[PDB]
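Participant: My structure is below; once you've seen it, I'll send some questions.
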Amino acid sequence: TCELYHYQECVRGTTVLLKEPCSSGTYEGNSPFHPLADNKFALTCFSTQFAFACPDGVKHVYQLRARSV
């Protein structure tokens, strides 16, 4: 309830488009935050983990796994 884990696979060369879990939260990750329109954000597909701390108190932890395919 205080943490929610997201998991997703991607193609190693592509660019992933994700919706922010929150309108005005804080982001922490190994990739620079690339915010977009409609509260989206993008990042190159590499196997990484990032997190969103959010006003409602729920920490959204994302895990991407890159696939050579």
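A note on labels: chains of the structure tokens are A, B, ... as shown, every chain counts residues from 1, and ligands are counted from 1 in their shown order.
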Which of chain A counts as strand (DSSP E) under DSSP, as a PyMOL selection string please?

Facilitator: chain A and resi 3-11+15-19+26-29+34-35+40-44+48-53+59-67

Participant: At a cut-off of 12 Å, using only C-alpha atoms, what residues contact stretch 49-57 of chain A? Leave out same-chain residues fewer than 3 positions from it and give the result as a PyMOL selection string.

Facilitator: chain A and resi 1-9+19-33+43+45-46+60-66

Participant: So that I have them on file, write out the residues from the current selection with N, CA, C and O atoms, as a short mmCIF file (atom, residue, chain, number, x, y, z; two decimals), in the first residue's frame.

Facilitator:
data_model
loop_
_atom_site.label_atom_id
_atom_site.label_comp_id
_atom_site.auth_asym_id
_atom_site.auth_seq_id
_atom_site.Cartn_x
_atom_site.Cartn_y
_atom_site.Cartn_z
N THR A 1 0.83 -1.20 0.00
CA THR A 1 0.00 0.00 0.00
C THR A 1 0.87 1.26 0.00
O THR A 1 0.53 2.26 -0.64
N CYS A 2 1.99 1.22 0.73
CA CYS A 2 2.97 2.30 0.70
C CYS A 2 4.02 2.11 -0.39
O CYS A 2 4.77 3.05 -0.67
N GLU A 3 4.08 0.93 -1.00
CA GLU A 3 4.93 0.67 -2.15
C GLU A 3 4.13 -0.08 -3.20
O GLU A 3 3.30 -0.94 -2.88
N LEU A 4 4.40 0.24 -4.47
CA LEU A 4 3.78 -0.46 -5.59
C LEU A 4 4.86 -0.69 -6.64
O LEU A 4 5.51 0.26 -7.09
N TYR A 5 5.07 -1.95 -7.01
CA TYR A 5 6.13 -2.32 -7.94
C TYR A 5 5.56 -2.51 -9.34
O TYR A 5 4.54 -3.18 -9.52
N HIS A 6 6.22 -1.90 -10.32
CA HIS A 6 5.92 -2.06 -11.73
C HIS A 6 7.07 -2.79 -12.40
O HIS A 6 8.24 -2.51 -12.13
N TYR A 7 6.74 -3.71 -13.30
CA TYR A 7 7.74 -4.45 -14.05
C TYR A 7 7.34 -4.48 -15.52
O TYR A 7 6.16 -4.63 -15.85
N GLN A 8 8.33 -4.37 -16.39
CA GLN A 8 8.09 -4.23 -17.82
C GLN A 8 9.35 -4.63 -18.56
O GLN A 8 10.46 -4.35 -18.09
N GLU A 9 9.18 -5.30 -19.69
CA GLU A 9 10.30 -5.64 -20.57
C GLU A 9 10.25 -4.74 -21.80
O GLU A 9 9.19 -4.22 -22.17
N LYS A 19 3.55 6.64 -18.68
CA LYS A 19 2.82 7.69 -17.99
C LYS A 19 3.33 7.81 -16.56
O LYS A 19 3.59 6.81 -15.90
N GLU A 20 3.49 9.05 -16.11
CA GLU A 20 3.86 9.29 -14.72
C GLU A 20 2.79 8.73 -13.81
O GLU A 20 1.59 8.94 -14.06
N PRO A 21 3.15 8.00 -12.75
CA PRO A 21 2.13 7.53 -11.81
C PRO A 21 1.49 8.65 -11.02
O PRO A 21 0.46 8.43 -10.37
N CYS A 22 2.07 9.85 -11.07
CA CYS A 22 1.67 10.98 -10.23
C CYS A 22 1.85 12.27 -11.01
O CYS A 22 2.73 12.37 -11.87
N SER A 23 1.02 13.26 -10.68
CA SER A 23 1.06 14.52 -11.41
C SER A 23 2.25 15.38 -11.00
O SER A 23 2.90 15.99 -11.86
N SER A 24 2.56 15.43 -9.70
CA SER A 24 3.64 16.27 -9.18
C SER A 24 4.36 15.51 -8.06
O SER A 24 4.28 15.84 -6.88
N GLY A 25 5.07 14.45 -8.45
CA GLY A 25 5.90 13.70 -7.54
C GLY A 25 7.38 13.92 -7.81
O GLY A 25 7.78 14.62 -8.74
N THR A 26 8.19 13.30 -6.97
CA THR A 26 9.64 13.33 -7.12
C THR A 26 10.13 12.02 -7.72
O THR A 26 9.62 10.95 -7.41
N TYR A 27 11.13 12.14 -8.59
CA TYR A 27 11.69 11.01 -9.31
C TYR A 27 13.14 10.79 -8.91
O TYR A 27 13.89 11.75 -8.69
N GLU A 28 13.52 9.53 -8.84
CA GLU A 28 14.88 9.13 -8.51
C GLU A 28 15.24 7.95 -9.40
O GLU A 28 14.54 6.94 -9.41
N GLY A 29 16.32 8.09 -10.17
CA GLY A 29 16.69 7.04 -11.10
C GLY A 29 18.10 7.22 -11.59
O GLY A 29 18.77 8.21 -11.30
N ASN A 30 18.55 6.22 -12.35
CA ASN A 30 19.88 6.23 -12.94
C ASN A 30 19.91 6.90 -14.31
O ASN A 30 20.99 7.16 -14.83
N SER A 31 18.75 7.17 -14.89
CA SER A 31 18.59 7.92 -16.12
C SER A 31 17.99 9.29 -15.82
O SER A 31 17.16 9.43 -14.92
N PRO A 32 18.41 10.33 -16.54
CA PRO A 32 17.79 11.65 -16.34
C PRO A 32 16.32 11.61 -16.72
O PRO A 32 15.92 10.97 -17.70
N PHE A 33 15.50 12.28 -15.91
CA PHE A 33 14.06 12.33 -16.17
C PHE A 33 13.79 13.14 -17.43
O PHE A 33 14.19 14.30 -17.52
N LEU A 43 12.48 7.21 -21.79
CA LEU A 43 13.85 6.84 -21.48
C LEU A 43 14.25 5.68 -22.37
O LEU A 43 13.42 4.85 -22.75
N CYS A 45 15.65 2.18 -23.48
CA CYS A 45 15.47 0.86 -22.88
C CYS A 45 16.83 0.29 -22.49
O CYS A 45 17.60 -0.16 -23.33
N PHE A 46 17.12 0.33 -21.19
CA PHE A 46 18.22 -0.42 -20.60
C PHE A 46 17.72 -0.98 -19.27
O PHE A 46 16.88 -0.37 -18.62
N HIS A 60 6.22 4.31 -5.94
CA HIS A 60 6.16 3.47 -7.14
C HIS A 60 7.58 3.15 -7.59
O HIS A 60 8.33 4.05 -7.98
N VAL A 61 7.94 1.86 -7.53
CA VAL A 61 9.25 1.36 -7.93
C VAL A 61 9.10 0.67 -9.28
O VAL A 61 8.35 -0.31 -9.40
N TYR A 62 9.81 1.16 -10.28
CA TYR A 62 9.76 0.57 -11.62
C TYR A 62 11.01 -0.26 -11.88
O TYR A 62 12.12 0.11 -11.48
N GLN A 63 10.82 -1.39 -12.57
CA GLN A 63 11.92 -2.22 -13.03
C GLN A 63 11.72 -2.51 -14.51
O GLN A 63 10.70 -3.09 -14.90
N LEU A 64 12.69 -2.10 -15.32
CA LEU A 64 12.74 -2.48 -16.73
C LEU A 64 13.79 -3.57 -16.93
O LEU A 64 14.86 -3.53 -16.31
N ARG A 65 13.48 -4.53 -17.78
CA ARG A 65 14.46 -5.52 -18.24
C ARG A 65 14.58 -5.41 -19.75
O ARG A 65 13.59 -5.61 -20.47
N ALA A 66 15.77 -5.08 -20.22
CA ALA A 66 16.02 -4.98 -21.65
C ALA A 66 16.22 -6.37 -22.25
O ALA A 66 16.81 -7.25 -21.62
#

Participant: Please provide the set of residues having any atom within 9 Å of stretch 14-16 of chain A, restricted to only C-alpha atoms, with same-chain residues fewer than 3 positions apart removed, written as number ranges by chain.

Facilitator: A: 10-11, 41-45
